[PDB]
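Colleague: Before we start, here is the structure in question, set down as structure tokens.
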Protein chains: 4
Amino acid sequence: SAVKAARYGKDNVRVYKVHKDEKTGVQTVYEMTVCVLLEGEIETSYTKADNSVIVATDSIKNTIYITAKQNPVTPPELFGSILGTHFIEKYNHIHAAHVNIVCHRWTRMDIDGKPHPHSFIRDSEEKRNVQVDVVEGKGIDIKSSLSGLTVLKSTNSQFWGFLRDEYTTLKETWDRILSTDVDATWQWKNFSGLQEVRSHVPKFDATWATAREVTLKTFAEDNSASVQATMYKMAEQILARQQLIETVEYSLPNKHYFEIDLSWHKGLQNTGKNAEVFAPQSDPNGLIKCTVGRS
Amino acid sequence: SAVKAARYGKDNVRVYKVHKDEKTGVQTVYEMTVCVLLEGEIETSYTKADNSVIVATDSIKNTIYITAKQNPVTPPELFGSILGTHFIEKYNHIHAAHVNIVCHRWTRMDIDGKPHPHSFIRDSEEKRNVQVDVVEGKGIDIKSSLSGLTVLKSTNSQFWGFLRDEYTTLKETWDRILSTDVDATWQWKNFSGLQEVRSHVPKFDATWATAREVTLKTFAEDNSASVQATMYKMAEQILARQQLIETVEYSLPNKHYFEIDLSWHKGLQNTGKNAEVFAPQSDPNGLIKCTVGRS
Amino acid sequence: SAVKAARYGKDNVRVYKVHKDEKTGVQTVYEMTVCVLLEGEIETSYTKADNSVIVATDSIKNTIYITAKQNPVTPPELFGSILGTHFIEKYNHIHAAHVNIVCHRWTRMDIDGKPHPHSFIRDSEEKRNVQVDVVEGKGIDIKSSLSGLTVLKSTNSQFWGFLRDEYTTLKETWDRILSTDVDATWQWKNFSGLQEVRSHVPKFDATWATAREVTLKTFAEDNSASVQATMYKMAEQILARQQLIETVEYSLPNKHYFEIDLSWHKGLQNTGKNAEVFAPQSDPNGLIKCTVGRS
Amino acid sequence: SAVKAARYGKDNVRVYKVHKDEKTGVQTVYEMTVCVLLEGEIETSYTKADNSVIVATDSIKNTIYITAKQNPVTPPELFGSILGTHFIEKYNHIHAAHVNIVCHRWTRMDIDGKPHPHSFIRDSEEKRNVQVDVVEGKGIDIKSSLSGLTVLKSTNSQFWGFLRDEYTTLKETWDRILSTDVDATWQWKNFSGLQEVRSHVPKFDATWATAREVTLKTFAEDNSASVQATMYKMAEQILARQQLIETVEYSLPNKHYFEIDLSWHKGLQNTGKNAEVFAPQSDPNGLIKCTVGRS
Ligand SMILES: O=c1[nH]c(=O)c2nn[nH]c2[nH]1
Ligand SMILES: O=c1[nH]c(=O)c2nn[nH]c2[nH]1
Ligand SMILES: O=c1[nH]c(=O)c2nn[nH]c2[nH]1
Ligand SMILES: O=c1[nH]c(=O)c2nn[nH]c2[nH]1
Ligand SMILES: [Cl-]
Ligand SMILES: [Cl-]
Ligand SMILES: [Cl-]
Ligand SMILES: [Cl-]
Ligand code: NA
Ligand code: NA
Ligand code: NA
Ligand code: NA
Ligand SMILES: [Xe]
Ligand SMILES: [Xe]
Ligand SMILES: [Xe]
Ligand SMILES: [Xe]
Ligand SMILES: [Xe]
Ligand SMILES: [Xe]
Ligand SMILES: [Xe]
Ligand SMILES: [Xe]
């Protein structure tokens with residue numbers, strides 16, 4: 001037998017950082033969960049019990065805190081690139097670092113119509129994530145994403161003209177509820193190293209904001225022919241607005257809301273144009289994916 | 001042996017309702033999870049296998065949908081009271097109904113600075129809940145609550161002057177992070193029946209909004225001496241603003257964020273006034289409760 | 001305003017303890033999650049910011065570890081009683097302690113048909129729990145429970161003869177699937193203090209084992225007329241077998257498995273006596289409760 | 001823009017099937033959660049709103065139930081292969097099917113030392129899974145796995161001789177607790193189609209059982225030098241025992257249990273050889289992966 005692939009590290013490292021502006025008194029907080037996995041010339045720890053090649057996962061944890069102390073943690077694309085680069089430069093035998101960061105929302109509170117200097121609220125479990133792969137001699141690959149963005153529209157979604165055969169019971173519809181949890185990922189062109197990532201720093205937050213805006217606007221405004229057609233429109237627009245993105249991937253559950261026929265009870269009308277009360281279905285759900293790239 | 005207490009019903013009934021304004025085209029959605037448990041002269045179903053006394057839980061589920069079809073579902077205090085009353089009036093041998101409702105947020109989307117007519121976002125897992133107990137000959141008891149409101153302040157929290165003995169290691173502090181998930185419940189004076197609940201309908205949404213506002217403002221502005229002292233201030237204010245509330249209960253976890261000493265690494269300073277990077281602790285957590293009533 | 005009730009403490013304190021037999025080499029592990037909440041003359045911490053009355057929740061955490069170090073942690077009824085008593089004896093102004101313990105399963109592994117001396121498996125998320133309320137001058141109240149015991153029987157469950165009215169669509173059945181997650185609680189007669197709890201130590205594990213055995217046997221053997229009738233039979237037997245129990249409470253979800261009519265597809269027969277493939281329903285579910293005591 | 005990749009289908013389809021032996025009266029239940037995603041010539045549904053190419057996800061759901069009705073559901077490797085093949089044979093424009101199955105445990109109950117004919121218990125949340133990729137003209141690729149197998153050993157784990165530098169605080173140890181949740185996957189050699197999968201049917205359950213046995217035995221018996229070294233030993237043995245497996249992958253969290261120094265309290269000794277009470281850590285955790293193949 002032989003080791004074909006190996007990676008190891010620390011997962012679920014929770015980190016909070018505060019920035020205090022001495023002049024204004026304003027404080028800003030950041031909270032993330034970080035995973036770092038390393039690869040390199042480490043096969044002997046598996047095959048020969050040679051621990052001499054292991055950077056202890058506890059040390060990886062220490063390194064995350066130290067790096068957060070000495071560097072900005074925002075945008076997460078930059079922080080992940082700094083953290084990943086550290087490992088491949090510090091350790092001769094480590095040749096790749098894989099860094100995943102989940103950013104948790106802490107939104108500044110408005111009290112009496114003014115922004116509070118040091119109080120925050122978690123408005124939704126929506127996350128902003130990055131995956132950064134730093135590979136020695138191959139640069140830095142960054143995938144940025146938003147996830148956990150849950151939306152619903154109560155009309156202006158249709159689904160008709162699909163294949164019908166002996167397995168089909170679904171009725172065509174010209175008016176249905178559409179609800180989904182959005183997972184959208186944009187993959188950046190490969191960067192040659194940290195200097196190049198630093199040069200593009202302003203694009204990271206701007207592209208995240210654009211991806212979010214395009215997602216919400218397209219969802220709200222499209223008279224949707226299917227989840228497929230609407231998601232493609234979203235991806236198309238993101239690619240048009242940021243030339244440094246190579247691909248956009250969406251993964252969307254179709255969370256069903258079923259009509260409830262109540263006509264058995266005193267002829268009560270609750271279907272089609274009369275539908276007011278629906279039963280949300282926890283499972284099963286549709287799952288629709290697509291990756292859109294350039295011509 | 002004897003049946004000392006019994007209740008049965010349907011839990012986890014998900015319900016969505018849409019209201020369509022024909023004039024404006026504006027649609028408004030409501031989504032809830034409902035539990036209804038009944039009590040009454042039902043002992044023989046347990047002791048003698050006499051099902052004749054059982055209103056099937058499946059029928060309870062049907063009744064929830066029918067009631068939502070024929071009545072407003074907002075405010076939830078009113079809907080729960082209508083639903084509970086139905087059971088004690090319809091069935092001679094049922095003498096109490098216990099209705100729990102969890103309301104899920106669907107907030108209208110703003111697209112280009114205007115409110116969208118039919119598109120919604122789930123902004124946070126914060127819930128608005130009601131517990132309604134309808135007891136034949138004893139009226140309607142309503143407890144209203146908000147839960148899952150997660151907040152953090154990065155300074156202006158202290159904790160010193162606590163008891164110190166041979167079990168104590170905790171250092172006094174004049175500056176710490178305070179973060180909690182707020183669960184707040186206000187208990188209404190007993191109502192004589194549905195007519196009285198209807199007469200107070202405008203107070204339900206207003207009191208919820210007040211409870212939320214007071215919670216957020218007090219949290220942000222109090223230079224907190226302890227979770228205990230800050231929560232008492234919140235409850236005091238709510239009671240002062242709504243005379244129909246008899247008691248206010250808060251239950252607050254103290255979600256700890258620990259300093260990380262990094263001085264072992266190149267004398268790095270990250271504690272006390274130099275603290276920037278903290279480790280959020282998933283467990284254990286403090287849990288602090290209080291019920292405040294009138295003199 | 002006045003403080004009507006208050007309690008505070010530490011939740012989610014995870015504890016592991018190992019016992020090592022020096023002679024045999026056999027090791028036994030215990031793992032629990034503990035919550036301790038205190039009550040007493042502590043109102044001034046809420047109303048006057050007087051922390052002098054607060055035993056810090058961090059100290060409560062330390063006390064749990066120290067107590068586990070110096071005392072047996074099994075049976076949990078005894079450990080909870082020792083822990084609760086500690087607080088009311090040590091602190092003059094604390095008059096009640098409320099201790100909740102969840103015991104996690106670590107079952108010794110069998111390797112090649114022999115019990116391994118130091119290796120364990122988590123066989124199921126079933127828990128054994130205790131709630132211990134130690135109230136100064138009123139003794140020790142103990143509720144013991146098992147929870148998370150998930151079972152299913154594929155036949156020998158019926159449900160017919162229930163009330164039918166204009167809200168009813170459910171068909172009577174003489175053969176259905178019955179599946180539930182068992183939550184069963186037995187409440188001990190009040191104990192005068194720790195000496196009395198110690199005197200009954202052997203009864204705690206034996207009664208837990210009996211409660212489990214009776215639950216499983218009755219479920220498997222009863223030709224069930226309803227969840228109500230079957231659960232009553234369980235409670236009756238437990239009460240008959242342990243005279244020191246005052247009441248037994250069961251809380252049982254009815255987790256539905258629905259027939260799937262496939263006759264639309266090539267006349268395929270999958271209902272009634274021909275039913276083979278079913279759709280488990282995640283929600284809604286029935287919820288059936290009963291508390292059984294002595295004549 | 002262009003569609004670079006697309007797949008769509010139904011997730012979270014819960015399925016239960018019962019088999020009734022008419023002779024013995026013995027019933028056997030199977031319960032699974034199934035996901036099916038399709039690929040093929042479906043780009044126009046995304047780009048042109050052409051639904052004519054879409055097999056509705058609702059139809060995919062129907063197909064899962066129909067297929068379960070007409071075929072054995074065990075071993076899951078065979079069922080997944082039947083289900084996947086169905087889609088590529090039935091629909092000209094569908095060229096790949098991806099089927100994921102999670103099998104839930106329903107273990108027959110022993111009542112009074114005999115196996116009960118129709119009553120079952122969920123003993124642990126351990127799962128048996130399959131991923132089946134059926135690609136037109138490229139055969140059937142099957143990855144089988146077990147997951148959620150949670151184990152702990154209280155001694156006979158060491159970790160010393162790792163790299164020490166200015167980022168290292170971890171002390172070497174010759175005696176620690178080792179606890180993990182096992183995720184193990186074995187990848188079968190490519191099969192040419194359903195006939196070949198059918199020919200190997202007996203190997204599927206046998207290899208699952210072997211993988212489980214080897215995992216448990218090696219964990220219990222290895223005097224572990226690291227998670228890395230122990231996991232490699234497991235994978236090596238599985239490969240030696242089944243020649244039709246090409247690779248074995250393990251992914252193992254290292255769930256830490258920390259010593260608690262209690263010496264501050266009356267010189268209490270609870271570290272090193274005196275360690276009895278430990279604090280389980282919910283996060284962070286080590287994460288160690290390896291893929292082992294043949295020379
Ligand atoms: O078994 C281990 N492997 C590792 O890589 C490691 N790092 N810290 N502790 C550890 N334990
Ligand atoms: O056992 C049952 N008890 C009930 O109360 C009920 N209601 N619907 N189905 C049911 N099954
Ligand atoms: O606000 C607090 N209240 C308490 O009771 C406590 N105990 N430890 N830290 C604490 N903080
Ligand atoms: O938007 C949809 N896309 C689909 O592929 C589908 N299948 N069923 N309903 C559906 N809705
Ligand atoms: Cl769908
Ligand atoms: Cl606390
Ligand atoms: Cl039910
Ligand atoms: Cl580790
Ligand atoms: Na390197
Ligand atoms: Na009545
Ligand atoms: Na006392
Ligand atoms: Na095909
Ligand atoms: Xe951070
Ligand atoms: Xe969408
Ligand atoms: Xe609703
Ligand atoms: Xe607070
Ligand atoms: Xe323990
Ligand atoms: Xe039951
Ligand atoms: Xe199944
Ligand atoms: Xe391991």
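FYI, nothing fancy with the structure tokens labels: chains A, B, ... in order, residues from 1 per chain, ligands from 1 as they appear.
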Could you report the residues within 9 Å of ligand 8, using only C-alpha atoms and all ligand atoms, as a PyMOL selection string?
Modeller: (chain A and resi 8-10+56-58) or (chain D and resi 226-227+253-256+285-288)
Colleague: Among the residues of region 114-278 of chain C, find those DSSP assigns to strand (DSSP E or B) from the backbone and print them as number ranges by chain.
Modeller: C: 114-121, 127-135, 139-153, 157, 159, 163, 173, 178-188, 191, 224, 245-254, 257-259, 277-278
Colleague: Within 6 Å of residue 13 (chain D), counting only C-alpha atoms, which residues show up once you throw out same-chain ones fewer than 6 positions away? Write them as a ChimeraX atom specification, please.
Modeller: /A:284 /D:33-34
Colleague: Which chain C residues are at most 6 Å from chain B (counting only C-alpha atoms), as a ChimeraX atom specification?
Modeller: /C:1-13,46,49,51-52,54-55,59,161-163,167-168,228-229,232,283-295
Colleague: With only C-alpha atoms and all ligand atoms counted and 9 Å as the cut-off, give the residues of chain A in contact with ligand 13, each with its shortest interatomic distance in Å and the pair that gives it, as a Markdown table.
Modeller:
```
| residue | atom | partner | partner_atom_place_in_ligand_line | distance |
| --- | --- | --- | --- | --- |
| A:14 | CA | ligand 13 | 1 (Xe) | 7.9 |
| A:15 | CA | ligand 13 | 1 (Xe) | 4.7 |
| A:16 | CA | ligand 13 | 1 (Xe) | 4.3 |
| A:17 | CA | ligand 13 | 1 (Xe) | 4.6 |
| A:18 | CA | ligand 13 | 1 (Xe) | 8.0 |
| A:29 | CA | ligand 13 | 1 (Xe) | 7.8 |
| A:30 | CA | ligand 13 | 1 (Xe) | 4.7 |
| A:31 | CA | ligand 13 | 1 (Xe) | 4.4 |
| A:32 | CA | ligand 13 | 1 (Xe) | 5.0 |
| A:33 | CA | ligand 13 | 1 (Xe) | 7.9 |
| A:34 | CA | ligand 13 | 1 (Xe) | 8.9 |
| A:65 | CA | ligand 13 | 1 (Xe) | 8.7 |
| A:68 | CA | ligand 13 | 1 (Xe) | 6.6 |
| A:72 | CA | ligand 13 | 1 (Xe) | 8.7 |
| A:73 | CA | ligand 13 | 1 (Xe) | 5.6 |
| A:74 | CA | ligand 13 | 1 (Xe) | 8.1 |
| A:76 | CA | ligand 13 | 1 (Xe) | 8.8 |
| A:103 | CA | ligand 13 | 1 (Xe) | 7.9 |
```
Colleague: Would you output that residue set with C-alpha atoms, as an mmCIF file, in the first residue's frame?
Modeller:
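Saved as part_32.cif:
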```cif
data_model
loop_
_atom_site.group_PDB
_atom_site.id
_atom_site.type_symbol
_atom_site.label_atom_id
_atom_site.label_comp_id
_atom_site.auth_asym_id
_atom_site.auth_seq_id
_atom_site.Cartn_x
_atom_site.Cartn_y
_atom_site.Cartn_z
ATOM 1 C CA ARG A 14 -13.247 30.308 16.402
ATOM 2 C CA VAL A 15 -11.622 33.751 16.281
ATOM 3 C CA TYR A 16 -12.891 37.190 17.277
ATOM 4 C CA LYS A 17 -10.963 40.415 16.672
ATOM 5 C CA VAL A 18 -11.810 43.958 17.716
ATOM 6 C CA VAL A 29 -15.701 43.484 15.558
ATOM 7 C CA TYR A 30 -14.981 40.519 13.286
ATOM 8 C CA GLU A 31 -15.778 36.927 14.093
ATOM 9 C CA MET A 32 -14.811 33.904 11.988
ATOM 10 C CA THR A 33 -14.419 30.133 12.127
ATOM 11 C CA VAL A 34 -11.218 28.941 10.491
ATOM 12 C CA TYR A 65 -4.336 33.538 16.562
ATOM 13 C CA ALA A 68 -4.861 37.468 13.333
ATOM 14 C CA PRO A 72 -5.856 42.655 9.145
ATOM 15 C CA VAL A 73 -8.559 39.964 9.155
ATOM 16 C CA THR A 74 -10.549 41.686 6.455
ATOM 17 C CA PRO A 76 -11.145 37.340 4.404
ATOM 18 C CA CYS A 103 -17.374 34.965 8.501
#
```
Colleague: So what do you get for CA of residue 172 (chain A) versus atom 1 (O, counted along the ligand's line) of ligand 4, distance-wise?
Modeller: 11.1 Å
Colleague: Figure out the distance between CA of residue 201 (chain C) and CA of residue 78 (chain C), please, to one decimal in Å.
Modeller: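 If I compute the distance from CA of residue 78 (chain C) to CA of residue 201 (chain C), I get 7.0 Å.
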Colleague: Excluding residue 77 (chain A) and its own-chain neighbours fewer than 4 positions away, which residues fall within 9 Å of it when counting only C-alpha atoms? Please give them as a PyMOL selection string.
Modeller: chain A and resi 73+81-82+101+129-132+142-144+197+201+204
Colleague: Give me a file of those residues, with N, CA and C atoms, as a compact mmCIF listing (two decimals), in the first residue's frame.
Modeller:
```txt
# COMPACT_ATOMS: atom_id res chain seq x y z
N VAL A 73 -7.79 41.20 9.39
CA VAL A 73 -8.56 39.96 9.15
C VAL A 73 -9.59 40.16 8.07
N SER A 81 -5.11 34.30 2.49
CA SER A 81 -3.89 34.25 1.67
C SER A 81 -2.64 34.46 2.52
N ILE A 82 -2.68 35.40 3.47
CA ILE A 82 -1.56 35.59 4.41
C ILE A 82 -1.31 34.33 5.23
N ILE A 101 -12.52 29.85 5.59
CA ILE A 101 -12.95 30.83 6.61
C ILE A 101 -14.43 31.06 6.43
N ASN A 129 -17.97 33.43 3.00
CA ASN A 129 -16.94 32.42 3.14
C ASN A 129 -15.83 32.62 2.13
N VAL A 130 -14.66 32.08 2.46
CA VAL A 130 -13.61 31.94 1.46
C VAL A 130 -12.97 30.58 1.57
N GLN A 131 -12.54 30.04 0.44
CA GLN A 131 -11.64 28.91 0.42
C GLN A 131 -10.37 29.37 -0.30
N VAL A 132 -9.23 29.26 0.37
CA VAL A 132 -7.94 29.71 -0.22
C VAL A 132 -7.01 28.53 -0.27
N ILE A 142 -8.42 31.27 -5.08
CA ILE A 142 -9.39 31.76 -4.10
C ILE A 142 -10.80 31.56 -4.63
N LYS A 143 -11.64 30.88 -3.83
CA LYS A 143 -13.07 30.83 -4.10
C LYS A 143 -13.80 31.57 -3.01
N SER A 144 -14.60 32.56 -3.38
CA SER A 144 -15.34 33.37 -2.43
C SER A 144 -16.81 32.95 -2.51
N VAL A 197 -2.41 39.37 -4.71
CA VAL A 197 -3.65 39.42 -3.91
C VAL A 197 -3.80 40.80 -3.27
N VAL A 201 -7.03 44.03 -3.42
CA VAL A 201 -7.79 44.04 -2.17
C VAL A 201 -9.16 44.74 -2.23
N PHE A 204 -12.37 42.71 -3.49
CA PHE A 204 -12.98 41.57 -2.78
C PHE A 204 -14.33 41.94 -2.15
```
Colleague: Could you tell me how far CA of residue 279 (chain C) sits from CA of residue 153 (chain A), in Å to one decimal place?
Modeller: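 Going from CA of residue 153 (chain A) over to CA of residue 279 (chain C), I get 28.2 Å.
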Colleague: Could you list, as a list in words, every residue within 12 Å of residue 123 (chain D), counting only C-alpha atoms and ignoring same-chain residues fewer than 4 positions away?
Modeller: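 Skipping anything fewer than 4 positions along the chain leaves residues 105, 107, 121, 122, 123, 124, 125, 126, 148, 149, 150, 151 and 152 of chain C; 104, 105, 106, 107, 108, 109, 127, 148 and 149 of chain D.
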Colleague: List the neighbours of residue 188 (chain A) out to 6 Å using only C-alpha atoms; skip same-chain residues closer than 6 positions along the sequence, and give me the result as a list in words.
Modeller: residues 142, 244, 245 and 246 of chain A
Colleague: Write out as a PyMOL selection string all residues of region 50-149 of chain B that DSSP puts in helix (DSSP H, G or I) for this structure's backbone.
Modeller: chain B and resi 51-53+57-70+76-90
Colleague: For residue 85 (chain B), please output as a PyMOL selection string all residues within 8 Å (counting only C-alpha atoms; exclusion window: fewer than 2 positions along the same chain).
Modeller: chain B and resi 81-83+87-89+97+134+194
Colleague: Around ligand 9, out to 8 Å and counting only C-alpha atoms and all ligand atoms, which residues are there? I want them as a ChimeraX atom specification.
Modeller: /A:40,87-96,136
